[PDB]
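>>> this one is an experimental structure. Sequence first:
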Amino acid sequence: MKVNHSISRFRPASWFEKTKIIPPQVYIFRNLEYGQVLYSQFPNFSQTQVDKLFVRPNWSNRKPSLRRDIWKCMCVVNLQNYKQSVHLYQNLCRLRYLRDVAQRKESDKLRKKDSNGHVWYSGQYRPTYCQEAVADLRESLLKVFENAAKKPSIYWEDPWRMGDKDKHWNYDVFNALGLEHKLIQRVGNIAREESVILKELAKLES
Amino acid sequence: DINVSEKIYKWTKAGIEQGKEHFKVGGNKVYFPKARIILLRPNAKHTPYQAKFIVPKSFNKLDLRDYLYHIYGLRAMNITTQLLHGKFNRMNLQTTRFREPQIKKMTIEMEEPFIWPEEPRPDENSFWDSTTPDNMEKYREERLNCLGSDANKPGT
Amino acid sequence: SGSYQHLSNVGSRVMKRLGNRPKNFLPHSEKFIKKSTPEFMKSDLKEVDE
Amino acid sequence: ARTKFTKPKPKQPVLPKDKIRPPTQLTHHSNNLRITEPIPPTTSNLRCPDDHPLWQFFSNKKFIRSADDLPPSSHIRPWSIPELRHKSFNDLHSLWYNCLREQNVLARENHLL
Amino acid sequence: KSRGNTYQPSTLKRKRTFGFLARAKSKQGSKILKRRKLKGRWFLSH
Amino acid sequence: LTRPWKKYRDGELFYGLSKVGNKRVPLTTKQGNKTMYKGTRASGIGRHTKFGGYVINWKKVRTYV
Amino acid sequence: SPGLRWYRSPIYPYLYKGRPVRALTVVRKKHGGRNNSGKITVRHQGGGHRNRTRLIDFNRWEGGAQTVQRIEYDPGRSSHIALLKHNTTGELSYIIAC
Amino acid sequence: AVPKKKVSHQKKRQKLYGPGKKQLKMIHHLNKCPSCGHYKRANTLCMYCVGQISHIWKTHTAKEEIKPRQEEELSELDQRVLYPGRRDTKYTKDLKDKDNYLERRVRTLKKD
RNA sequence: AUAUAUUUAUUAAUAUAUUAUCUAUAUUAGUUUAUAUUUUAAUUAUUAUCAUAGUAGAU
RNA sequence: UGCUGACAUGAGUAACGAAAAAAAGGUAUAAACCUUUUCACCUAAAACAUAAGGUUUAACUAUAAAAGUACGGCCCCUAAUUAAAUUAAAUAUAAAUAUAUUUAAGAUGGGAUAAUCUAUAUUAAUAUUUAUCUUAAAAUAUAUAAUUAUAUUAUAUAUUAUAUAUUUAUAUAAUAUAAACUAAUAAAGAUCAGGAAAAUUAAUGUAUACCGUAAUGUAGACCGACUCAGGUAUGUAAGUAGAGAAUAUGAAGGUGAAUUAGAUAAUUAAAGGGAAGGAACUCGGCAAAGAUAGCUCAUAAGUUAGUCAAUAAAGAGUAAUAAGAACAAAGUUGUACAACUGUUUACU
Ligand SMILES: [Mg+2]
Ligand SMILES: [Mg+2]
Ligand SMILES: [Mg+2]
Ligand SMILES: [Mg+2]
Ligand SMILES: [Mg+2]
Ligand SMILES: [Mg+2]
Ligand SMILES: [Mg+2]
Ligand SMILES: [Mg+2]
Ligand SMILES: [Mg+2]
Ligand SMILES: [Mg+2]
Ligand SMILES: [Mg+2]
Ligand SMILES: [Mg+2]
Ligand SMILES: [Mg+2]
Ligand SMILES: [Mg+2]
Ligand SMILES: [Mg+2]
Ligand SMILES: [Mg+2]
Ligand SMILES: [Mg+2]
Ligand SMILES: [Mg+2]
Ligand SMILES: [Mg+2]
Ligand SMILES: [Mg+2]
Ligand SMILES: [Mg+2]
Ligand SMILES: [Mg+2]
Ligand SMILES: [Mg+2]
Ligand SMILES: [Mg+2]
Ligand SMILES: [Mg+2]
Ligand SMILES: [Mg+2]
Ligand SMILES: [Mg+2]
Ligand SMILES: [Mg+2]
Ligand SMILES: [Mg+2]
Ligand SMILES: [Mg+2]
Ligand SMILES: [Mg+2]
Ligand SMILES: [Mg+2]
Ligand SMILES: [Mg+2]
Ligand SMILES: [Mg+2]
Ligand SMILES: [Mg+2]
Ligand SMILES: [Mg+2]
Ligand SMILES: [Mg+2]
Ligand SMILES: [Zn+2]
């Protein structure tokens, strides 16, 4: 039998070039249950990806369930090259690690706290994690473009999810690139026919 | 020619384009529906592009979508269903215990956003002013649960 | 309140029993009601049945 | 068990420098990465329409109708059966759906209360 | 061997043995139900 | 302390008012085994498949005309 | 082991060391020596190994020459059984082994 | 092991109150606090004055509260959208009313 | 690496303070370890905790 | 030793249920609540996932989000078994009913497709239990094609380079750790001989229903009258060590508790050490003490021949010579009774 799929490993640029399943892009997934975010190189994901990201879980940041319904696509970010997309993905993973393990106290300080000193929640949904992921995405992209034709773009689930187009998202580097903040077309069941929509998006920029 | 999910998506798009139903309409024609729905305030976990309703306990997901389309003109693209638990309640320990009602709450996703109007001030609206009923409740608690020398104890 | 009781008719028999209290234990029922109510709310006259 | 007599195990067999494959990935994450504060999503990006069909569950866009906003009991009457009897089917159907809509508006409000 | 915990709940088993429909289905159970009704019982079965 | 205002041992429970109560009260959807399926009169719509799926029968689906 | 000390069983090397033909085997339903009441009628019968009853032809009706293909162990009888194969017909059947 | 009789009124009372060991004593060893002219125990600090000094220290030696920028500069509507209200539990409500179950320190009488 | 000062022609050099010694990819599914690659990802003095007071010799 | 109610007495006595706490601040309201830091305890758990159960206890009313692929039920299928059901006259029977046969129900089990992502409808037509050895193959070194010694030996994937269809496909070659573990494969040993039941092409379809989802679950949230040292199913269970899920530690996570502060008489419990003696104790060595490798060697009389005796006792090698973690390991013999492994008075 064949055990591994495309998702089963980390895939570098060379592998993507060989295959060309999807264009150069990174997918981001909200967790409807907890508000946690999940980055991935592909429009699907497995337990391996979850394990990779959610390495130090606690009561506040519990390791999420892999149940398909609670995961929903926050953001699909397209880039100029496969290698660039891979680098972005690595940066996001690094940032996550820093927030969870290495520079955790700083991250905690940055967050919104409620009375009784806990990171603000409603149920087990914590809206800070999503915000951090957007901020982290912005950071990683910026780093990628510092390190550094198709105009790159970030297809959003929802236009509301931007902090502010003035305060953030108006760096000089992004402007030079032509970073188009588009949104995914909601002319159908967005949750149920999500995979189809993602495929259609992938087709569009190729 | 094409897969099932893709076909469904295409159908939905076609229905949207038409201004007809974005979904296959059923044959069981209910002319005079008696079902009401309670539009709820949004939780932190939801977006501005979602709206949640208390619906009938015998209300279907498809039925709800149909209701939203024909009664109101709103098209819910995705719908989830959250049937709540019924916790035990009793008037007092002398009475028999029974469960509170299992209540069905359906979230919908919609193509245009919505945010509720801001709740009124205590001085503005007569009804939306929780001070009075809460005070009354407190007074009742005091008076029934007052036993001996707490009758002399001044009221809160 | 935080009730949800108002969207249903649950514990119906119990509610009936409470609602239709026997008339010879009506003073018992209303004694505690009187106590509960403040002076500006409560009335001296008997609350007659429908 | 570990004991006074236990000799240490040998070191693992390393593969020689020449034989080892070069890894597929060479260039990893940026070392310059920094934990920036979060960017909380704003209503300014939304354009909530003034005729969104979910406003139909409210009445004059009010979170709650005050006592003055409500129709008074003396001014209002329910329909008489005789009055209904000389109305057309389509008209009756429309009336029913208006009633249902009104109930929904009240039901939302009543629940909140 | 400590005693006292002779009750060991399992909803399915309870409903099979002491549920209303089990009573209804048997003649003996139907007789029990009738007897409880005559007494005035609010709860005839599990 | 479970609750800081109650320092001493009153006969108050860890949760709720009384442990005991009438066990004989109808089941809901939440209760019972994994196999226990109550249902809520919502879906006599289509037909159950041989494999465990479901196939909607649209002539038996409620529209609100 | 002291349990092994007095364990004798006769060796039959010609005996078959495979599964019986599955079409000729039915399940051997256990009872524990309980009749339709559910009460122990016959004492001292209980939880053995799992078994399949084998449908062995006692009547011997069809006739014609049949070749014994193999001789098997049978858990539900002291005798061995012989898998016959009808030479003409090709139909397969079990028979008490001589 | 077990009492042979119902112990009488006399014998329980002389047991309890008869001995000086069991009785309460007058607190003769009160004296004036030099900082505020009030009663305090002898060879003891005045709980008012030391409390005041502790309060002063707190007000001066105060670690600044961390207010995140992004939450400080939210719009009101935006804040309401993000972080809506909730019904607190009965337990939570009880916890919140601290004045019900938490004793603040009383001031002593002024010495003459 | 950041922050604060001094020199130098924002940069580099020096001084002080704080934080860090992680991370990621290869070796045929998974886990660990190892090495290689990646990265700034350190080896000496002196302490502490736990193992019946960890055990033992004195006291 | 009347019944019910009320209130005494013992008595402000015992007890407050295996437990590690400290400070600062929330708060000039805190031994008990929240936060921060320190310290400790659990760690093949006191962790993380779950099953069952239950006064929803939850991070809560603005409440536990599913077309399906390492998602369950529902559904199809049946096991054990069940059924005022089923068959002039199925058979039997004081009535109740019972039997046999049919049909129906009945999970603890079986059930198509899928990241290339996948399509379940309708119509028409003909698998007990255990094991992966030895040989053989080629590979790596010593010596002079063949010998000696050592690992390797069925599957699981990315890379590079070729040959055919035309950067997408098929096949070939070469490159690439050790130790556990998984699934799927193959061959096969033993007697105790190992479930049941529900087709395939073609055309036409598919707008994807209902219910479960919180938290708790070696427990304060279940069964034990109690926030009860009891009972309670499954899977992961960081590394270092080891034969190991033993034992020590504890990365991470979780926790430090409806009793506190002091004092530590007599006395009790649960531990640690003990001069000289060493069973003088006692019904009785009860209790306590006692281990000079755990690996590799070696190991008697007797004997039913089974290293049964044996894990023999003693003893050796490695290690250590003044000793210096835990855990495994606690003699030899005679007689009575019973062959033996088992079973028994849940609570003497
Ligand atoms: Mg889906
Ligand atoms: Mg659901
Ligand atoms: Mg009992
Ligand atoms: Mg009871
Ligand atoms: Mg349950
Ligand atoms: Mg399902
Ligand atoms: Mg016999
Ligand atoms: Mg691997
Ligand atoms: Mg370094
Ligand atoms: Mg420890
Ligand atoms: Mg008398
Ligand atoms: Mg006494
Ligand atoms: Mg005493
Ligand atoms: Mg005491
Ligand atoms: Mg304090
Ligand atoms: Mg252990
Ligand atoms: Mg059936
Ligand atoms: Mg099952
Ligand atoms: Mg659960
Ligand atoms: Mg959960
Ligand atoms: Mg848990
Ligand atoms: Mg317990
Ligand atoms: Mg209980
Ligand atoms: Mg008890
Ligand atoms: Mg371990
Ligand atoms: Mg730790
Ligand atoms: Mg816990
Ligand atoms: Mg305690
Ligand atoms: Mg001695
Ligand atoms: Mg001595
Ligand atoms: Mg003597
Ligand atoms: Mg003697
Ligand atoms: Mg002994
Ligand atoms: Mg011999
Ligand atoms: Mg031992
Ligand atoms: Mg014996
Ligand atoms: Mg006994
Ligand atoms: Zn003073």
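Alright, I've got the coordinates. Numbering: from 1, shown residues only, chains lettered A, B, ... in the order given. Ligands and ions are numbered 1, 2, ... in the order given.
>>> tell me if the longest helix seen in chain D is near chain C.
The single longest helix within chain D, with elements called by DSSP state H, is helix D:89-112. Yes. Helix D:89-112 lies within reach of chain C by Cβ under 8 Å from any Cβ of the partner chain, at D:110, D:111. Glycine gets a C-beta too; all of them are placed from N, C-alpha and C.
>>> mind listing what residue A:153 touches?
By Cβ atoms under 8 Å, 6 or more residues apart in numbering or on different chains, the contact set of residue A:153 is A:77, A:78, A:179, A:180, A:181, A:182, A:205.
>>> give me the phi and psi for it.
The phi/psi pair for residue A:153 (degrees, to the nearest 10) reads phi -160, psi 150.
>>> name whatever forms a beta bridge with it.
Beta bridges link residue A:153 to residue A:78, residue A:180, judged by DSSP bridges.
>>> so how far is residue B:13 from it?
For residue A:153, the distance to residue B:13 equals 22 Å [Cβ to Cβ, to the nearest Å].
>>> again with residue G:32
Residue G:32 is 66 Å from residue B:13, by Cβ to Cβ.
>>> list the contacts of the residue of chain F found nearest chain C.
Going by Cβ to the nearest Cβ, chain C is nearest to residue F:25 of chain F, at 9.4 Å. Neighbouring residues of residue F:25 by Cβ under 8 Å, 6+ apart: B:97, B:98, B:99, E:43.
>>> out of those residues, the closest to chain A would be?
So of the contacts of residue F:25, ranked by how close each gets to chain A (Cβ to the nearest Cβ), first place is residue B:99, at 22.0 Å.
>>> my guess is the closest one meets residue B:84, correct?
No. Counting by Cβ atoms under 8 Å, residue B:99 stays clear of residue B:84, with 11.0 Å between them.
>>> about what we covered before: now the residue of chain F closest to chain C, what's its secondary structure?
Using DSSP: H, G, I helix; E, B strand; the rest coil, the secondary structure recorded for residue F:25 is coil.
>>> next: residue B:63.
On the three-state scheme (three-state DSSP), residue B:63 is labelled helix.
>>> and it, what is it in contact with?
Contacts of residue B:63 (Cβ under 8 Å, 6+ apart): F:42, F:61, F:62, F:64.
>>> residue H:42 versus whichever residue of chain C sits closest to chain E, what's the distance?
Per Cβ to the nearest Cβ, residue C:13 is where chain C lies closest to chain E, at 7.0 Å. According to Cβ to Cβ, residue C:13 and residue H:42 sit 70 Å apart.
>>> ok, now how distant is the residue nearest the centre of chain G from residue A:23?
Chain G has residue G:74 as the residue nearest its centroid, 2.8 Å off, counting by Cα atoms, centre = their mean. Distance of residue G:74 to residue A:23, computed by Cβ to Cβ: 68 Å.
>>> helix, strand or coil for the residue of chain C closest to chain E?
Recorded secondary structure, residue C:13: helix (three-state DSSP).
>>> same question, the one 3 residues further on
Three-state secondary structure (criterion: three-state DSSP) places residue C:16 in helix.
>>> return the set of buried residues in the longest helix belonging to chain C.
For chain C, the helix with the greatest residue count under DSSP H is helix C:26-36. For helix C:26-36, the neighbour count (16 or more other Cβ atoms under 10 Å in any protein chain shown) marks residue C:36 as buried.
>>> what do you get for stretch B:127-137?
B:127, B:128.
>>> same question for stretch E:16-36.
Within stretch E:16-36, the residues scored as buried using 16+ other Cβ under 10 Å are E:19, E:20, E:23, E:29, E:33.
>>> does RNA strand J sit close to stretch A:96-103?
No. Judged by Cβ under 7 Å from any atom of the strand, stretch A:96-103 stays clear of RNA strand J, getting no closer than 7.8 Å.
>>> which residues does that stretch contact?
Contacts for stretch A:96-103 (Cβ under 8 Å, 6+ apart): A:39, A:53, A:54, A:55, A:56, A:61, A:107, A:132, A:136, D:33, D:35.
>>> and residue H:16, what does it touch?
residue H:22.
>>> how about it, secondary structure?
Going by three-state DSSP: residue H:16 is helix.
>>> do the same with residue G:71
strand.
>>> so which bits of stretch A:50-62 are buried?
Those would be A:50, A:52, A:53, A:54, A:61, for stretch A:50-62 by 16+ other Cβ under 10 Å.
>>> determine which two of those are furthest apart.
A:52 and A:61 (14.7 Å; Cβ to Cβ).
>>> on that earlier part again, narrow the contacts of residue A:153 to those that are buried.
In those, burial by neighbour count holds for A:77, A:78, A:179, counting by 16+ other Cβ under 10 Å.
>>> distance of the residue positioned nearest the centre of chain C from residue C:12?
Nearest residue to the geometric centre of chain C (Cα atoms, centre = their mean): residue C:19, 6.7 Å. According to Cβ to Cβ, residue C:19 and residue C:12 sit 10 Å apart.
>>> equivalent analysis for residue F:45, please.
Separation of residue F:45 from residue C:12 (Cβ to Cβ): 29 Å.
>>> the more surrounded of these two?
residue F:45 (18 against 10; other Cβ atoms under 10 Å in any protein chain shown).
>>> contacting residues for that one?
Contacts of residue F:45 by Cβ under 8 Å, 6+ apart are B:60, B:62, F:56, F:57, F:60, F:61.
>>> now these in JSON lines, with secondary structure, neighbour count and distance to RNA strand I?
Converted to JSON lines, the contacts of residue F:45 look like this (DSSP: H, G, I helix; E, B strand; the rest coil; neighbours: other Cβ atoms under 10 Å in any protein chain shown; distance: Cβ to the nearest atom of the strand, whole Å):
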{"residue": "B:60", "secondary structure": "coil", "neighbour count": "23", "distance to RNA strand I": "41"}
{"residue": "B:62", "secondary structure": "helix", "neighbour count": "21", "distance to RNA strand I": "40"}
{"residue": "F:56", "secondary structure": "coil", "neighbour count": "14", "distance to RNA strand I": "38"}
{"residue": "F:57", "secondary structure": "coil", "neighbour count": "13", "distance to RNA strand I": "42"}
{"residue": "F:60", "secondary structure": "helix", "neighbour count": "13", "distance to RNA strand I": "46"}
{"residue": "F:61", "secondary structure": "coil", "neighbour count": "19", "distance to RNA strand I": "44"}
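>>> which among those gets closest to ligand 38?
Nearest to ligand 38, judged by Cβ to the ion, of the contacts of residue F:45 is residue B:60 at 74.2 Å.
>>> quick one: contacts for that closest one?
Each residue near residue B:60 by Cβ under 8 Å, 6+ apart is listed here: F:42, F:43, F:45, F:62.
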